[PDB]
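Quick heads-up: it's one chain on its own, the form deposited in one PDB entry, in structure tokens.
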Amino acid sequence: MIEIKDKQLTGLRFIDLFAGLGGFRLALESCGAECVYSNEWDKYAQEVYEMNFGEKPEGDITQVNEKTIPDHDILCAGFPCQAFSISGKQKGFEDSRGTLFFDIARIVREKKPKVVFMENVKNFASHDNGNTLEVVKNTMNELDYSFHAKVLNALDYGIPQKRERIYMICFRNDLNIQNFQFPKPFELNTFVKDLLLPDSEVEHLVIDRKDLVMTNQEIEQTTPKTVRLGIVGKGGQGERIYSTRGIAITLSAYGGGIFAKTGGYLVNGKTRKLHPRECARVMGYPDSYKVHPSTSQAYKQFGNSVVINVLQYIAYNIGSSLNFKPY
């Protein structure tokens, strides 16, 4: 995460729905906003969130009466993606985990925040022949919000991970915001190798498979792209090895393979997965963030989370637009 000098969201209150690790909280709080409610139902996520923020989020949002939600200016929601990912069945709204958007809508109808700030997987934009995004747009428009949606790749915003996500920013119509812009990409100057822990700290993560096939020569020049060097097994998910002179593959919550959830990396002649602290870094979490004591739940949590830096640039732009109020 990045330093924010000019606190564009000072005086604003936000709610942290589907809170997970609290990435939206770190992002908005860095721009000066104050969290007034969080909701997250997973027991272990609630533990890490409490460890880090001092409060337990409320549980199952589907059972929460929207009248009881504190007044707020910005609603944040990285809602579940398993029903929309190209890695799963794509059942969308037919999946239990696919209809959480309508709980957001329910809350928005009652609370009417200034801004609604959502994230999902890149494929949310293409799912069900575009009808999924269409429904979202139409829902927000009928709630009296504008709808701004763009897929951003983390590697364009200072973070060495190929994580493409759709970001959805909605402004209440009475505010008349006409100048919201998604942040402009810039050159990447940080690579996986720059975020790695000392070899002494990660010996236990080294995997030595006898069926490793090294397909490509290691690179000396750093590059803002993934660079696959070899595979194990049949080369499915978690069976692929990358150069640390490129960027990380997308971290995943439920991913399998021998290099599950992180992917494999060539480091000093050996292949290993990433440490949870390296996953934290690849998601833009500060080293001060406290990781869950279950390494298993930690990998799951970072794989489900958001890239903090990207949310920081967007939040700053939302603040810039809200504060532009000439006579």
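The numbering used is simple: start at 1 and walk along the sequence shown. In this text, the rigid core denotes the largest set of C-alpha atoms whose superposition between the two forms falls within 1.5 Å.
There is another form of this protein, the form deposited in another entry, and it is not shown here; the text below is about that form.
Summarising the superposition on the core between this form and the one not shown, the listed residues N123, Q90, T222, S146 contain exactly one with a Cα shift of 2 Å or larger, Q90. Relative to the superposed rigid core, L75 undergoes a CA displacement smaller than 2 Å between this form and the one not shown. In that other deposited form, the Cα-Cα separation between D103 and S96 shrinks by 3 Å or more relative to the displayed conformation. Shown here is a form in which the CA atoms of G263 and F84 lie at least 3 Å closer together than they do in that other deposited form.
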